[PDB]
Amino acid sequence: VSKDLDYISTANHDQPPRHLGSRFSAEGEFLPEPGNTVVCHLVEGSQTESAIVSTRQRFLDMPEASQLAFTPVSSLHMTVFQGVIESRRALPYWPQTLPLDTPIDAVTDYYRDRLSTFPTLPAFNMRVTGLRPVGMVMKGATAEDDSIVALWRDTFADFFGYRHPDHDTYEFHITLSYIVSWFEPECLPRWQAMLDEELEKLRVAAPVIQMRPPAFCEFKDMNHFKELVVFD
């Protein structure tokens, strides 16, 4: 069992997942939690998407899938820069220029306007480097890609008018699920063996993760991200 997978063990926690009751119910159904964000969706029908969907099925095959809240296939995305969200009306997760009680839709309008002058930045390619029950860890396909996506994020920080504490150490990922209840330790070696096998299968099938260009989106909940401004 890797250090990374052991995070989700019952032994590592004294309270349920913090998202429980806000982002999703105990039965793994997603709850209203509106916000906005910049993300790259997968390309529907692409070999990348099919590969990821196969990985996602290996996860669903596990009995502990019952303790995970899987998002829809059509929602799959890599976040490039988090926007605001109803559940986190606080600095430094909010622009200081806006009242903390501003309706989410008004923040979306402020940003749609501000993002009308977003500069053309170079394209980047990403690759999958790890797997865990919640999804895929990613980095730049090459070291130069890391530098390019960091430039996108630094530029977004200027437009959005805040930076999170992890801004410079941000872990790129694609979420396949949320943990609803922590895993008993006895099933972990099996998950590790499957994650190892599926990671290598995924890396071969999708050696770069094909995606759409970054887009500023709004959402009601984790099920769907409506593209408002595409940075293509």
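In this text, residue numbers run from 1 along the sequence as written.
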Greater mean Cα temperature factor according to the PDB record, 79-87 or 98-106
98-106
Assert higher mean C-alpha B factor (61-69 or 173-181, deposited values) equals 61-69
Assert third(CA B-factor, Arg112) within chain per record equals highest
Can you tell me whether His13 has a C-alpha B-factor in the lowest, middle or highest third compared with the other modelled residues of the same chain?
highest
Ranking every modelled residue in this chain by its Cα temperature factor as given in the entry, which third contains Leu121?
highest
Give the position of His167 by CA B-factor within its chain, expressed as the lowest, middle or highest third.
lowest
Among the chain's modelled residues, which third holds the C-alpha B-factor of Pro207?
lowest
